[PDB]
Amino acid sequence: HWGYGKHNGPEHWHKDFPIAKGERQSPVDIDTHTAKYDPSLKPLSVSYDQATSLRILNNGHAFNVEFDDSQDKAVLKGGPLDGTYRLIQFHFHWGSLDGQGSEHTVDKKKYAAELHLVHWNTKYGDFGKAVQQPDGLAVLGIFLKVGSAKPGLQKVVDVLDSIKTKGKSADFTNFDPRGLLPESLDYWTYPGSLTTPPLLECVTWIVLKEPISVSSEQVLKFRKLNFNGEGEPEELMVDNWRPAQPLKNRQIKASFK
Ligand SMILES: NS(=O)(=O)c1ccc(C(=O)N2CCc3cc(O)c(O)cc3C2)cc1
Ligand SMILES: [Zn+2]
């Protein structure tokens, strides 16, 4: 099955998921000079005060921090969005080295990692129905650079030892995702897709301009995770990013001048 290796990585995905070569695939390079400022774009509303994290899972591709999405608790609205989108999970993509790992790029710059906070449009009732719709998901993407530690990330980092291998989970309650946000909510936005199989073209992407800083030690701990299951040959969970895809007939809009 699909993964990030030589034999099952991004350049193979199209064989099982032909939408891989579609018209609105993600990620993309954000050409900052070509992105147009859109004065009609609203400030993003990130309302995470009542967020209820439940669990952290190593799914063999990344780790997901999962949230209770059975009520309007942690929601994303405004910005380019119409209606209310509920937080279901977050995860990261990262590299084997600090010079790569992000999925989106900014004028071809790769960041060390990229955080995806995944939300679904409440008008579709559940996540599985939402992914079948062109406006079903809103993914908030946040770049990570290596520098000072992110204190709000440390709780995540410290639990990774308990979910080293594929299919392991751990209780992960009371985690506040507000601690993963940068100061500014300036963003770029464009219509795109899931960046892993099934690659569904259901996402409004909202990518923050300002990266967060994490420490070298924090990202090193991401790189100790395993793609493999327990008692299988150790394959370090690194380079779990899809490269930039063709922009085709799309415009990237900026919320800021
Ligand atoms: N990298 S990204 O674009 O932010 C991204 C966001 C979300 C997901 C995701 O949670 N998935 C894929 C689609 C899917 C579809 C299902 O029907 C399902 O039950 C579960 C899932 C699980 C994967 C990737
Ligand atoms: Zn992702």
# chains A, B, ... in the order shown; residues from 1 in each chain; ligands from 1
>>> residues_near_ligand(ligand="ligand 2", cutoff="9 Å", atoms="only C-alpha atoms and all ligand atoms", output="number ranges by chain")
A: 62, 90-93, 103, 114-118, 139, 141, 194-196, 241
>>> select_by_dssp(residues="stretch 5-248 of chain A", states="helix (DSSP H, G or I)", output="ChimeraX atom specification")
/A:13-15,18-21,122-124,127-130,151-163,177-180,216-222
>>> closest_residue(among="A:75, A:163, A:220, A:202", to="residue A:136", atoms="only C-alpha atoms")
A:202
>>> closest_residue(among="A:174, A:162, A:245, A:96", to="residue A:63", atoms="only C-alpha atoms")
A:162
>>> residues_around(residues="residue A:12", least_positions_apart="3", cutoff="12 Å", atoms="only C-alpha atoms", output="PDB file with N, CA and C atoms, in the first residue's frame")
ATOM      1  N   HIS A   1       0.833  -1.250   0.000  1.00  0.00           N
ATOM      2  CA  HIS A   1       0.000   0.000   0.000  1.00  0.00           C
ATOM      3  C   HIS A   1       0.829   1.245   0.000  1.00  0.00           C
ATOM      4  N   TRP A   2       0.153   2.374  -0.039  1.00  0.00           N
ATOM      5  CA  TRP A   2       0.854   3.640  -0.258  1.00  0.00           C
ATOM      6  C   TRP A   2       1.637   4.063   0.953  1.00  0.00           C
ATOM      7  N   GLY A   3       2.703   4.796   0.694  1.00  0.00           N
ATOM      8  CA  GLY A   3       3.548   5.362   1.759  1.00  0.00           C
ATOM      9  C   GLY A   3       4.451   6.460   1.231  1.00  0.00           C
ATOM     10  N   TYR A   4       5.655   6.541   1.781  1.00  0.00           N
ATOM     11  CA  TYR A   4       6.589   7.589   1.380  1.00  0.00           C
ATOM     12  C   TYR A   4       7.924   7.076   0.865  1.00  0.00           C
ATOM     13  N   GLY A   5       8.028   5.764   0.756  1.00  0.00           N
ATOM     14  CA  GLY A   5       9.280   5.109   0.268  1.00  0.00           C
ATOM     15  C   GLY A   5       9.496   5.203  -1.245  1.00  0.00           C
ATOM     16  N   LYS A   6      10.599   4.628  -1.715  1.00  0.00           N
ATOM     17  CA  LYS A   6      10.981   4.641  -3.163  1.00  0.00           C
ATOM     18  C   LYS A   6       9.954   3.889  -3.993  1.00  0.00           C
ATOM     19  N   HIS A   7       9.360   2.884  -3.360  1.00  0.00           N
ATOM     20  CA  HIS A   7       8.500   1.964  -4.096  1.00  0.00           C
ATOM     21  C   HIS A   7       7.037   2.229  -3.946  1.00  0.00           C
ATOM     22  N   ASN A   8       6.651   3.095  -3.004  1.00  0.00           N
ATOM     23  CA  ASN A   8       5.237   3.351  -2.745  1.00  0.00           C
ATOM     24  C   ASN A   8       4.923   4.828  -2.443  1.00  0.00           C
ATOM     25  N   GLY A   9       5.873   5.704  -2.750  1.00  0.00           N
ATOM     26  CA  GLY A   9       5.778   7.121  -2.428  1.00  0.00           C
ATOM     27  C   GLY A   9       4.918   7.922  -3.406  1.00  0.00           C
ATOM     28  N   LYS A  15      -1.467   5.521  -9.417  1.00  0.00           N
ATOM     29  CA  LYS A  15      -1.908   4.191  -9.886  1.00  0.00           C
ATOM     30  C   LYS A  15      -3.114   3.661  -9.123  1.00  0.00           C
ATOM     31  N   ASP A  16      -3.156   3.918  -7.827  1.00  0.00           N
ATOM     32  CA  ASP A  16      -4.353   3.578  -7.027  1.00  0.00           C
ATOM     33  C   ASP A  16      -5.349   4.707  -6.838  1.00  0.00           C
ATOM     34  N   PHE A  17      -4.862   5.929  -7.012  1.00  0.00           N
ATOM     35  CA  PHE A  17      -5.665   7.124  -6.772  1.00  0.00           C
ATOM     36  C   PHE A  17      -5.484   8.074  -7.935  1.00  0.00           C
ATOM     37  N   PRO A  18      -6.195   7.830  -9.072  1.00  0.00           N
ATOM     38  CA  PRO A  18      -5.908   8.631 -10.264  1.00  0.00           C
ATOM     39  C   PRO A  18      -6.115  10.148 -10.118  1.00  0.00           C
ATOM     40  N   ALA A  20      -4.758  11.864  -8.191  1.00  0.00           N
ATOM     41  CA  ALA A  20      -3.416  12.403  -7.931  1.00  0.00           C
ATOM     42  C   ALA A  20      -2.966  13.356  -9.019  1.00  0.00           C
ATOM     43  N   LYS A  21      -3.444  13.129 -10.253  1.00  0.00           N
ATOM     44  CA  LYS A  21      -3.114  13.992 -11.391  1.00  0.00           C
ATOM     45  C   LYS A  21      -4.240  14.981 -11.712  1.00  0.00           C
ATOM     46  N   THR A 196      -2.625  13.304   1.250  1.00  0.00           N
ATOM     47  CA  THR A 196      -2.387  11.856   1.262  1.00  0.00           C
ATOM     48  C   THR A 196      -3.555  11.201   0.557  1.00  0.00           C
ATOM     49  N   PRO A 197      -3.331   9.988   0.032  1.00  0.00           N
ATOM     50  CA  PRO A 197      -4.469   9.196  -0.394  1.00  0.00           C
ATOM     51  C   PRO A 197      -5.589   9.213   0.650  1.00  0.00           C
ATOM     52  N   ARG A 242       4.345  15.162   0.809  1.00  0.00           N
ATOM     53  CA  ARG A 242       4.108  15.159  -0.640  1.00  0.00           C
ATOM     54  C   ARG A 242       4.719  16.429  -1.214  1.00  0.00           C
TER      55      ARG A 242
END
>>> residues_around(residues="residue A:128", least_positions_apart="4", cutoff="12 Å", atoms="only C-alpha atoms", output="ChimeraX atom specification")
/A:88,119-122,124,132-133,136-137,198,200,202
>>> residues_around(residues="residue A:97", least_positions_apart="5", cutoff="10 Å", atoms="only C-alpha atoms", output="list in words")
residues 112, 113, 219, 220, 223, 238 and 239 of chain A
>>> residues_around(residues="residue A:157", least_positions_apart="3", cutoff="10 Å", atoms="only C-alpha atoms", output="MDAnalysis selection string")
chainID A and resid 152:154 160:161 217:222
>>> write_last_selection(atoms="C-alpha atoms", output="mmCIF file, in the first residue's frame")
data_model
loop_
_atom_site.group_PDB
_atom_site.id
_atom_site.type_symbol
_atom_site.label_atom_id
_atom_site.label_comp_id
_atom_site.auth_asym_id
_atom_site.auth_seq_id
_atom_site.Cartn_x
_atom_site.Cartn_y
_atom_site.Cartn_z
ATOM 1 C CA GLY A 152 3.019 24.331 23.671
ATOM 2 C CA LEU A 153 4.402 21.493 21.551
ATOM 3 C CA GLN A 154 6.327 19.721 24.357
ATOM 4 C CA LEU A 160 5.723 10.072 21.133
ATOM 5 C CA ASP A 161 7.778 7.420 22.925
ATOM 6 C CA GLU A 217 15.377 18.517 19.986
ATOM 7 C CA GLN A 218 11.607 18.687 19.420
ATOM 8 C CA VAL A 219 11.839 17.829 15.719
ATOM 9 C CA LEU A 220 14.494 15.152 16.409
ATOM 10 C CA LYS A 221 11.883 13.405 18.544
ATOM 11 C CA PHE A 222 9.422 13.410 15.607
#
>>> residues_around(residues="residue A:140", least_positions_apart="2", cutoff="12 Å", atoms="only C-alpha atoms", output="ChimeraX atom specification")
/A:44-46,75-77,79-81,85-92,104,114-120,137-138,142-143,177,180-182,185-190,203-209
>>> closest_residue(among="A:27, A:134, A:191, A:151", to="ligand 1", atoms="only C-alpha atoms and all ligand atoms")
A:27
>>> closest_residue(among="A:169, A:100, A:53, A:240", to="ligand 1", atoms="only C-alpha atoms and all ligand atoms")
A:240
>>> closest_residue(among="A:171, A:201, A:176, A:72", to="ligand 1", atoms="only C-alpha atoms and all ligand atoms")
A:201
>>> closest_residue(among="A:47, A:192, A:102, A:135", to="residue A:252", atoms="only C-alpha atoms")
A:192
>>> atom_distance(atom1="atom CA of residue A:82", atom2="atom 8 (C, counted along the ligand's line) of ligand 1")
20.7 Å
>>> atom_distance(atom1="atom CA of residue A:32", atom2="atom CA of residue A:13")
28.6 Å
>>> select_by_dssp(residues="stretch 2-228 of chain A", states="strand (DSSP E)", output="ChimeraX atom specification")
/A:29-30,36-37,44-47,53-58,63-67,75-78,85-94,105-106,113-121,137-146,169-171,187-192,203-208,212-214
>>> atom_distance(atom1="atom CA of residue A:94", atom2="atom 8 (C, counted along the ligand's line) of ligand 1")
15.7 Å
